[PDB]
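Accompanying notes for the structure given below.
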Amino acid sequence: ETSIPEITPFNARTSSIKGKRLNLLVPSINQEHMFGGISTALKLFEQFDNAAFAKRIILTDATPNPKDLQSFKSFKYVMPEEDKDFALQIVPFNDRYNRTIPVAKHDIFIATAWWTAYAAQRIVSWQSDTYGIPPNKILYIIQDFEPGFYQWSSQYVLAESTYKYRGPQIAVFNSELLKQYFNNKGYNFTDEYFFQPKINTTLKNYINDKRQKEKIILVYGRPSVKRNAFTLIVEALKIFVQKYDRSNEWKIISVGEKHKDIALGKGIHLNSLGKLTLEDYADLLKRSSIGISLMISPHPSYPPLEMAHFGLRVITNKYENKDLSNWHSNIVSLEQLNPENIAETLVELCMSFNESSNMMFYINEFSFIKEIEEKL
Amino acid sequence: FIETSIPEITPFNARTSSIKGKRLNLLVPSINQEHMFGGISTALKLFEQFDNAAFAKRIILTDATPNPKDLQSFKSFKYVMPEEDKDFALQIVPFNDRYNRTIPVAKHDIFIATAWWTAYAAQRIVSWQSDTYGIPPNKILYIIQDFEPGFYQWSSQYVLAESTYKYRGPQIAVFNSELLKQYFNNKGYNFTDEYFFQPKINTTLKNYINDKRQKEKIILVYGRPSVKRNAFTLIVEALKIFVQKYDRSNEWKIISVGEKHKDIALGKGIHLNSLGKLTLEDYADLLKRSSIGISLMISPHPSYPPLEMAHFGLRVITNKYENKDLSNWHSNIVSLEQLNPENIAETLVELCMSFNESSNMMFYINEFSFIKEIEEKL
Ligand SMILES: Cc1cn([C@H]2C[C@H](O)[C@@H](COP(=O)(O)OP(=O)(O)O)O2)c(=O)[nH]c1=O
Ligand SMILES: Cc1cn([C@H]2C[C@H](O)[C@@H](COP(=O)(O)OP(=O)(O)O)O2)c(=O)[nH]c1=O
């Protein structure tokens, strides 16, 4: 590897557009790639007064399948080579070599992935020089401490460097926890906003149903997403099955991402349900009594919160300032994170099978948007 | 296929031994000259410092079995299989192929860990040791070479690696450098005792540090594609920019040392030429002739090349990492706060133009004094 793909040059060119225009930089809008980060961004982006700003979504990594584009029927799919002043448009800019995208004097950028912010910051430099204007504010939607997605390496420092950008930048953090993490690490931004976690609307509709608890250990398993420590969980499970004589009594189920069923010993298996429908998921939550869900990151994830609010005792990990055991009584946070300690806690909870919340906000968002709009 | 287990933590099965005396056990992944990088060689150096007359010594290979050639560097050691239980004063035991096998552990076997996963094993052995022999847990000696969780993205390996620092049992930490030690302290890690050894100039190199240097226009790059911590690709990117945004670039030769790689085009017909790992002598020579150096270590711990370059009169471009800021160690070192290709390329231009002193790291040019003190705690 000679180059660094994430930072392939983002070539801009002059545009005649005189009005303001919000530009959302996202890697993809494909339903396949449609994970929580981009969907949250899109949700947030939707909040901007469409009458005060033109909106352009710029795809940086993946071109849409015609099916994917049906979720954006009000948007005009325009090639990077065109310069139309549509009020709503999408431009594919992943195949980007020797091509350019039009950037107006008052084009304002909203970054998501660290590398979209890397590009944005370089665009604001070019913008400022070509138009002879003060650098425009960048809107940075920070979903995680993304350098953590990489081992110490080129990508790590480049990802981080986007936080060290000295230009005008407004940070919008996913959760207050994340915001605080950044503050402790000493990062500075022109302005800091954050949006708190909020229960999925469909799920809330079930949160009051009568629950007939069974002996089910529900695992949030995603082999693909290292942050979720799938293998660590599997290891702890293997120990649990061995060091607990009443293990045979329990069903262990994996949800989140489809995977092969995994033998834990004694004929017991971790059975994968994959990504259940919100309804099925809600049902399973009501019947389940113990939950394991890990997120190696300062930012809170949803599953530990959902499980807890459905009456599960949830085993989860602490990460620096993140300690969910203070959010809800049902959550237990392990300080020493190894298979042995998980397996042990798992035994204690099973034996416990034979309340209090400090995160009221979770069950009733982008109020700041309006305020942010007045700074651009 | 999906990775189900975590290989680094394959069980480390022990069994009773009759050995009554004390015995220091060095857990290292490999002693092969191929795998013989600075971490294990430093450990071995440190391990050598222990009064061989007060302790029996056993090196336990955890990841790789030795080639007969590799074993010639340990001619005084008896290569013994894990199945034997001999009370030799010096021995090596291959314990990488470890499934359904066990290694003998004496009541007074004391362990010295290196890689995070060797410490992971050690800590689990001390538990078994304590239960089987009905004794208080023995101190573990942890030679911490880096914040090894950093070798991994957020993941299972990351937390397991870190968990070895959260071990609540008796553990003595011996850090590579004071910088690293401080990093751990800031992150809040606790150990029974904390020691550290500072960086010290390679002895062979010191022999050249006084030679007269005829500086040429050479930009010396510490390039190791294999070692991500060294940000090879980041350096190559900055180089490409430099060649483009500097009109006097054609005047400079850009050379890569450290690890052999394909020669890399930077534009304008200019190439980053790899010399690989030069002999200490050749390296020393090149250092004398070279005037600008780029060497990056994404880690709180100091690396050697930036220090070596600086002490040979090179202006060195290097990265800052949290508490590590080498620009305070030596006047020749420049530490970038904002680490991207543009900023490196720019600094690289400024230095070239500068081509047309002060040291606060005296210790670097005149080690394991603590060993004796540590010996008295085991
Ligand atoms: C586990 C699970 C979650 N969900 C929903 C509710 C959760 O809040 C949300 C979490 O998964 P997701 O948002 O896909 O994670 P990420 O954003 O990191 O890709 O998805 C389901 O619809 N079905 C399921 O089976
Ligand atoms: C670049 C280079 C370094 N060295 C020496 C000087 C340094 O003190 C030392 C550091 O490189 P090395 O030991 O390969 O790095 P690590 O310790 O991370 O494996 O190697 C050489 O002997 N020859 C060379 O060509």
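The chains in the structure tokens are called A, B, ... from first to last as shown; in each chain the residues are counted from 1, and the ligands are counted from 1 in the order shown.
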
Cut-off 6 Å, only C-alpha atoms and all ligand atoms, neighbours of ligand 2 as a ChimeraX atom specification: /B:37-38,202,257-258,277-280,283,304-305

Given the selection you just returned, output its residues as a file containing N, CA and C atoms, formatted as a PDB file, in the first residue's frame.
```pdb
ATOM      1  N   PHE B  37      13.230  -8.655  17.083  1.00  0.00           N
ATOM      2  CA  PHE B  37      13.104  -7.203  17.100  1.00  0.00           C
ATOM      3  C   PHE B  37      13.498  -6.620  18.459  1.00  0.00           C
ATOM      4  N   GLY B  38      13.449  -5.296  18.562  1.00  0.00           N
ATOM      5  CA  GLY B  38      13.947  -4.588  19.727  1.00  0.00           C
ATOM      6  C   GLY B  38      13.314  -4.943  21.060  1.00  0.00           C
ATOM      7  N   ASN B 202      22.933   3.203  20.936  1.00  0.00           N
ATOM      8  CA  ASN B 202      23.623   1.991  20.522  1.00  0.00           C
ATOM      9  C   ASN B 202      25.130   2.180  20.636  1.00  0.00           C
ATOM     10  N   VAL B 257      15.515   3.931   5.010  1.00  0.00           N
ATOM     11  CA  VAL B 257      16.194   2.871   5.741  1.00  0.00           C
ATOM     12  C   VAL B 257      15.253   2.301   6.801  1.00  0.00           C
ATOM     13  N   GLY B 258      15.569   1.109   7.295  1.00  0.00           N
ATOM     14  CA  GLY B 258      14.768   0.481   8.328  1.00  0.00           C
ATOM     15  C   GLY B 258      14.260  -0.894   7.936  1.00  0.00           C
ATOM     16  N   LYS B 277      17.572  -2.593   5.994  1.00  0.00           N
ATOM     17  CA  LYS B 277      18.261  -2.459   7.268  1.00  0.00           C
ATOM     18  C   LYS B 277      19.768  -2.451   7.032  1.00  0.00           C
ATOM     19  N   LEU B 278      20.362  -1.263   7.054  1.00  0.00           N
ATOM     20  CA  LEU B 278      21.802  -1.124   6.883  1.00  0.00           C
ATOM     21  C   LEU B 278      22.537  -1.686   8.094  1.00  0.00           C
ATOM     22  N   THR B 279      23.755  -2.170   7.882  1.00  0.00           N
ATOM     23  CA  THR B 279      24.602  -2.543   9.003  1.00  0.00           C
ATOM     24  C   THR B 279      24.765  -1.314   9.889  1.00  0.00           C
ATOM     25  N   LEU B 280      25.012  -1.531  11.174  1.00  0.00           N
ATOM     26  CA  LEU B 280      25.207  -0.424  12.096  1.00  0.00           C
ATOM     27  C   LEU B 280      26.274   0.541  11.574  1.00  0.00           C
ATOM     28  N   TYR B 283      24.794   2.337   8.372  1.00  0.00           N
ATOM     29  CA  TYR B 283      23.812   3.246   8.944  1.00  0.00           C
ATOM     30  C   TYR B 283      24.502   4.476   9.523  1.00  0.00           C
ATOM     31  N   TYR B 304      14.076   5.017  18.702  1.00  0.00           N
ATOM     32  CA  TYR B 304      15.504   5.316  18.621  1.00  0.00           C
ATOM     33  C   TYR B 304      15.913   6.198  17.439  1.00  0.00           C
ATOM     34  N   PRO B 305      15.425   5.880  16.228  1.00  0.00           N
ATOM     35  CA  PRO B 305      15.871   6.612  15.034  1.00  0.00           C
ATOM     36  C   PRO B 305      15.816   8.143  15.146  1.00  0.00           C
TER      37      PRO B 305
END
```

Within 10 Å of chain B: residues of chain A, using only C-alpha atoms, as a VMD selection string: chain A and resid 1 to 4 7 118 146 to 166 185 223 to 235 238 259 to 260 262 to 263 294 to 297 317 319 to 320 335 to 339

Given 10 Å and only C-alpha atoms and all ligand atoms, residues near ligand 1 as number ranges by chain: A: 33-40, 143, 197-203, 218-222, 225, 227-228, 254-258, 273-282, 284-285, 293, 295, 301-307

Show which residues sit within 9 Å of stretch 91-100 of chain A, as an mmCIF file with N, CA and C atoms, in the first residue's frame. Count only C-alpha atoms, and ignore same-chain residues fewer than 2 positions away.
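Listing of result15.cif after writing:
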```cif
data_model
loop_
_atom_site.group_PDB
_atom_site.id
_atom_site.type_symbol
_atom_site.label_atom_id
_atom_site.label_comp_id
_atom_site.auth_asym_id
_atom_site.auth_seq_id
_atom_site.Cartn_x
_atom_site.Cartn_y
_atom_site.Cartn_z
ATOM 1 N N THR A 8 -7.993 10.244 -0.824
ATOM 2 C CA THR A 8 -7.975 10.551 -2.248
ATOM 3 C C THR A 8 -8.459 11.985 -2.426
ATOM 4 N N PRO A 9 -7.736 12.780 -3.228
ATOM 5 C CA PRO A 9 -8.043 14.206 -3.382
ATOM 6 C C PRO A 9 -9.505 14.471 -3.725
ATOM 7 N N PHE A 10 -10.052 15.526 -3.133
ATOM 8 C CA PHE A 10 -11.443 15.910 -3.335
ATOM 9 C C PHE A 10 -11.509 17.193 -4.159
ATOM 10 N N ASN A 11 -11.429 17.058 -5.477
ATOM 11 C CA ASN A 11 -11.308 18.222 -6.352
ATOM 12 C C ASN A 11 -12.594 19.017 -6.547
ATOM 13 N N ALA A 12 -12.518 20.310 -6.259
ATOM 14 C CA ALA A 12 -13.658 21.198 -6.431
ATOM 15 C C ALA A 12 -13.415 22.148 -7.593
ATOM 16 N N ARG A 13 -14.468 22.848 -7.998
ATOM 17 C CA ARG A 13 -14.376 23.854 -9.046
ATOM 18 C C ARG A 13 -15.452 24.899 -8.810
ATOM 19 N N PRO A 27 -20.453 8.612 3.151
ATOM 20 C CA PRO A 27 -19.811 7.568 2.348
ATOM 21 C C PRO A 27 -20.798 6.871 1.420
ATOM 22 N N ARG A 56 -27.581 19.423 -0.662
ATOM 23 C CA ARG A 56 -26.938 18.486 -1.558
ATOM 24 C C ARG A 56 -26.246 17.417 -0.748
ATOM 25 N N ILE A 57 -26.593 16.170 -1.021
ATOM 26 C CA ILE A 57 -25.907 15.052 -0.410
ATOM 27 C C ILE A 57 -24.834 14.587 -1.375
ATOM 28 N N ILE A 58 -23.615 14.439 -0.865
ATOM 29 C CA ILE A 58 -22.492 14.020 -1.688
ATOM 30 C C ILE A 58 -21.996 12.667 -1.218
ATOM 31 N N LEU A 59 -22.136 11.667 -2.078
ATOM 32 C CA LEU A 59 -21.667 10.320 -1.781
ATOM 33 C C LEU A 59 -20.166 10.238 -2.031
ATOM 34 N N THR A 60 -19.421 9.778 -1.034
ATOM 35 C CA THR A 60 -17.970 9.822 -1.118
ATOM 36 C C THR A 60 -17.331 8.457 -1.366
ATOM 37 N N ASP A 61 -18.063 7.388 -1.078
ATOM 38 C CA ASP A 61 -17.479 6.051 -1.143
ATOM 39 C C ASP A 61 -18.235 5.061 -2.027
ATOM 40 N N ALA A 62 -19.550 5.219 -2.126
ATOM 41 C CA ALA A 62 -20.367 4.239 -2.831
ATOM 42 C C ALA A 62 -21.480 4.873 -3.652
ATOM 43 N N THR A 63 -21.639 4.392 -4.879
ATOM 44 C CA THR A 63 -22.718 4.844 -5.744
ATOM 45 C C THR A 63 -23.991 4.061 -5.435
ATOM 46 N N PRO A 64 -25.146 4.740 -5.491
ATOM 47 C CA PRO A 64 -26.440 4.169 -5.111
ATOM 48 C C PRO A 64 -27.000 3.181 -6.126
ATOM 49 N N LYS A 76 -32.777 15.137 -6.663
ATOM 50 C CA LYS A 76 -32.373 14.959 -8.053
ATOM 51 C C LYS A 76 -30.958 14.389 -8.152
ATOM 52 N N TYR A 77 -30.842 13.172 -8.675
ATOM 53 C CA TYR A 77 -29.546 12.510 -8.813
ATOM 54 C C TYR A 77 -28.754 13.134 -9.956
ATOM 55 N N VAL A 78 -27.758 13.940 -9.605
ATOM 56 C CA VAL A 78 -27.004 14.711 -10.586
ATOM 57 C C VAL A 78 -25.532 14.317 -10.618
ATOM 58 N N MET A 79 -24.984 14.174 -11.818
ATOM 59 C CA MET A 79 -23.567 13.860 -11.974
ATOM 60 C C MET A 79 -22.691 15.038 -11.565
ATOM 61 N N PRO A 80 -21.474 14.742 -11.087
ATOM 62 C CA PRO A 80 -20.514 15.764 -10.648
ATOM 63 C C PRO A 80 -20.174 16.764 -11.751
ATOM 64 N N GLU A 81 -20.401 16.382 -13.003
ATOM 65 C CA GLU A 81 -20.053 17.227 -14.139
ATOM 66 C C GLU A 81 -21.093 18.307 -14.425
ATOM 67 N N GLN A 89 -30.531 17.756 -4.200
ATOM 68 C CA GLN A 89 -29.838 16.872 -5.124
ATOM 69 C C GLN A 89 -28.825 15.961 -4.448
ATOM 70 N N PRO A 102 -18.723 20.813 -8.208
ATOM 71 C CA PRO A 102 -18.890 22.271 -8.129
ATOM 72 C C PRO A 102 -19.092 22.739 -6.693
#
```

Members of stretch 43-192 of chain B assigned strand (DSSP E or B) by DSSP, as JSON, numbers by chain: {"B": [56, 57, 58, 59, 60, 61, 78, 79, 90, 91, 92, 93, 94, 103, 104, 105, 109, 110, 111, 112, 113, 140, 141, 142, 143, 144, 171, 172, 173, 174, 175, 176]}

Selected residue of minimal separation from residue B:114 among B:44, B:365, B:353, B:54, counting only C-alpha atoms: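 Nearest candidate to residue B:114 out of B:44, B:365, B:353, B:54: B:44.
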
Polymer residues at most 9 Å from residue B:352, only C-alpha atoms, same-chain spacing of 4 or more positions, as a short mmCIF file (atom, residue, chain, number, x, y, z; two decimals) with N, CA and C atoms, in the first residue's frame:
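Generated output (result39.cif):
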```cif
data_model
loop_
_atom_site.label_atom_id
_atom_site.label_comp_id
_atom_site.auth_asym_id
_atom_site.auth_seq_id
_atom_site.Cartn_x
_atom_site.Cartn_y
_atom_site.Cartn_z
N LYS B 217 22.91 16.80 0.61
CA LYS B 217 21.48 17.07 0.56
C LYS B 217 20.68 15.77 0.51
N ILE B 219 17.55 13.52 2.37
CA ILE B 219 16.44 13.36 3.28
C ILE B 219 16.32 11.89 3.64
N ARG B 248 12.92 23.25 -5.63
CA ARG B 248 14.29 22.79 -5.43
C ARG B 248 14.35 21.33 -4.97
N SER B 249 13.25 20.60 -5.16
CA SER B 249 13.19 19.20 -4.74
C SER B 249 14.18 18.34 -5.50
N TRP B 252 17.52 17.22 -3.99
CA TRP B 252 17.64 16.32 -2.86
C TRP B 252 17.53 14.84 -3.22
N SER B 291 21.28 15.09 6.21
CA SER B 291 21.02 16.37 6.87
C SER B 291 19.57 16.54 7.35
N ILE B 292 18.63 15.90 6.66
CA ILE B 292 17.24 15.93 7.10
C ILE B 292 16.71 14.52 7.36
N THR B 347 7.03 21.51 6.53
CA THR B 347 8.19 21.50 7.41
C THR B 347 9.41 21.03 6.64
N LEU B 348 9.19 20.06 5.76
CA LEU B 348 10.25 19.53 4.92
C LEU B 348 10.83 20.60 3.99
N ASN B 356 20.45 25.97 3.66
CA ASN B 356 21.21 26.97 2.93
C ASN B 356 21.92 26.39 1.71
#
```

Nearby residues (only C-alpha atoms) at most 10 Å from stretch 175-179 of chain B, same-chain spacing under 6 positions excluded, as a list in words: residues 39, 42, 43, 142, 143, 144, 145, 146, 147, 185, 194, 195, 196, 197, 198, 199, 200, 300, 301, 302, 303, 322, 323, 324 and 325 of chain B

Using only C-alpha atoms, please write the residues we just selected to a file, as a compact mmCIF listing (two decimals), in the first residue's frame.
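Ended up saving to out13.txt:
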```txt
# COMPACT_ATOMS: atom_id res chain seq x y z
CA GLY B 39 11.30 -5.59 22.27
CA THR B 42 15.75 -5.58 25.18
CA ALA B 43 13.91 -8.04 27.38
CA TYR B 142 5.95 -7.01 33.64
CA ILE B 143 8.36 -5.53 31.09
CA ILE B 144 6.11 -2.99 29.38
CA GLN B 145 7.55 -2.08 25.97
CA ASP B 146 4.62 0.03 24.74
CA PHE B 147 0.94 0.69 25.37
CA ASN B 185 0.23 7.01 35.21
CA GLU B 194 7.05 0.93 38.91
CA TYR B 195 10.49 0.95 37.30
CA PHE B 196 11.68 2.23 33.94
CA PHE B 197 14.81 2.12 31.80
CA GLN B 198 15.74 5.10 29.64
CA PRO B 199 16.82 5.00 25.97
CA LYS B 200 20.58 4.63 25.51
CA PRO B 300 3.74 7.67 23.70
CA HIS B 301 7.05 5.83 23.87
CA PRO B 302 10.20 7.30 22.29
CA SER B 303 11.78 5.43 19.40
CA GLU B 322 0.27 13.06 24.02
CA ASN B 323 3.08 13.52 26.57
CA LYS B 324 5.85 12.63 24.10
CA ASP B 325 7.29 15.80 22.58
```

Residue B:216 environment, 12 Å, only C-alpha atoms, sequence neighbours closer than 3 positions dropped, as a list in words: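 Listed by chain and then number, they are residues 213, 219, 220, 251, 252, 253, 254, 285, 286, 287, 288, 289, 290, 291, 292, 313, 314, 352, 355 and 356 of chain B.
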
Emit the selected residues as an mmCIF file, in the first residue's frame, including N, CA and C atoms.
```
data_model
loop_
_atom_site.group_PDB
_atom_site.id
_atom_site.type_symbol
_atom_site.label_atom_id
_atom_site.label_comp_id
_atom_site.auth_asym_id
_atom_site.auth_seq_id
_atom_site.Cartn_x
_atom_site.Cartn_y
_atom_site.Cartn_z
ATOM 1 N N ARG B 213 31.623 15.052 9.814
ATOM 2 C CA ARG B 213 30.508 14.789 8.910
ATOM 3 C C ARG B 213 30.484 15.760 7.733
ATOM 4 N N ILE B 219 17.552 13.522 2.367
ATOM 5 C CA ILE B 219 16.438 13.363 3.285
ATOM 6 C C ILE B 219 16.324 11.891 3.643
ATOM 7 N N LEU B 220 16.633 11.568 4.892
ATOM 8 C CA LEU B 220 16.644 10.182 5.343
ATOM 9 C C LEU B 220 15.321 9.819 6.003
ATOM 10 N N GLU B 251 17.009 18.742 -6.172
ATOM 11 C CA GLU B 251 18.345 18.842 -5.598
ATOM 12 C C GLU B 251 18.594 17.768 -4.551
ATOM 13 N N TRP B 252 17.517 17.224 -3.994
ATOM 14 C CA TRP B 252 17.636 16.315 -2.859
ATOM 15 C C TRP B 252 17.528 14.843 -3.223
ATOM 16 N N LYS B 253 18.275 14.021 -2.497
ATOM 17 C CA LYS B 253 18.118 12.580 -2.571
ATOM 18 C C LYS B 253 17.283 12.138 -1.376
ATOM 19 N N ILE B 254 16.258 11.332 -1.630
ATOM 20 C CA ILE B 254 15.414 10.836 -0.553
ATOM 21 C C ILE B 254 15.634 9.342 -0.372
ATOM 22 N N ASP B 285 27.427 5.692 8.794
ATOM 23 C CA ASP B 285 27.992 6.468 7.701
ATOM 24 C C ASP B 285 26.927 7.344 7.044
ATOM 25 N N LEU B 286 25.807 6.724 6.685
ATOM 26 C CA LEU B 286 24.709 7.435 6.046
ATOM 27 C C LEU B 286 24.218 8.575 6.930
ATOM 28 N N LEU B 287 24.145 8.320 8.233
ATOM 29 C CA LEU B 287 23.724 9.338 9.188
ATOM 30 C C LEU B 287 24.627 10.568 9.140
ATOM 31 N N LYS B 288 25.931 10.342 9.029
ATOM 32 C CA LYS B 288 26.886 11.443 8.990
ATOM 33 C C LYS B 288 26.690 12.316 7.749
ATOM 34 N N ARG B 289 26.356 11.681 6.633
ATOM 35 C CA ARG B 289 26.203 12.389 5.369
ATOM 36 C C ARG B 289 24.826 13.036 5.222
ATOM 37 N N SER B 290 23.841 12.516 5.952
ATOM 38 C CA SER B 290 22.463 12.996 5.832
ATOM 39 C C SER B 290 22.176 14.231 6.693
ATOM 40 N N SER B 291 21.281 15.091 6.210
ATOM 41 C CA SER B 291 21.017 16.367 6.871
ATOM 42 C C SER B 291 19.575 16.539 7.349
ATOM 43 N N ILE B 292 18.633 15.903 6.663
ATOM 44 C CA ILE B 292 17.241 15.930 7.101
ATOM 45 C C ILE B 292 16.709 14.524 7.360
ATOM 46 N N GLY B 313 23.468 15.154 13.865
ATOM 47 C CA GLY B 313 23.386 16.452 13.224
ATOM 48 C C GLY B 313 22.315 16.586 12.161
ATOM 49 N N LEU B 314 21.335 15.689 12.173
ATOM 50 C CA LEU B 314 20.199 15.809 11.267
ATOM 51 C C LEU B 314 19.115 16.664 11.896
ATOM 52 N N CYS B 352 14.710 22.224 4.254
ATOM 53 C CA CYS B 352 15.562 22.276 3.075
ATOM 54 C C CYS B 352 16.104 23.690 2.870
ATOM 55 N N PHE B 355 18.808 24.518 5.215
ATOM 56 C CA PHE B 355 20.091 23.903 4.900
ATOM 57 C C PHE B 355 21.017 24.875 4.168
ATOM 58 N N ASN B 356 20.446 25.966 3.663
ATOM 59 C CA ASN B 356 21.214 26.972 2.931
ATOM 60 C C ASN B 356 21.921 26.391 1.707
#
```

All helix (DSSP H, G or I) positions in stretch 167-359 of chain A, as a ChimeraX atom specification: /A:176-184,201-204,226-228,230-243,247-249,278-287,303-308,324-326,339-352

Residues within 12 Å of residue A:244, only C-alpha atoms, excluding chain neighbours under 5 positions, as a ChimeraX atom specification: /A:236-239,249-250,265-266,343-351

Selected residue of minimal separation from residue B:47 among B:242, B:61, B:14, B:27, counting only C-alpha atoms: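 Looking only at the distances to residue B:47, the closest residue turns out to be B:27.
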
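Atom CA of residue A:48 lies 24.4 Å from atom CA of residue A:82.
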
Point-to-point distance from atom CA of residue B:241 to atom CA of residue B:270, Å rounded to tenths: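 Distance between the two atoms: 12.0 Å.
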
Distance criterion (only C-alpha atoms): nearest to residue A:206 out of A:361, A:310, A:53, A:353: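 Using only C-alpha atoms, residue A:206 sits closest to A:310.
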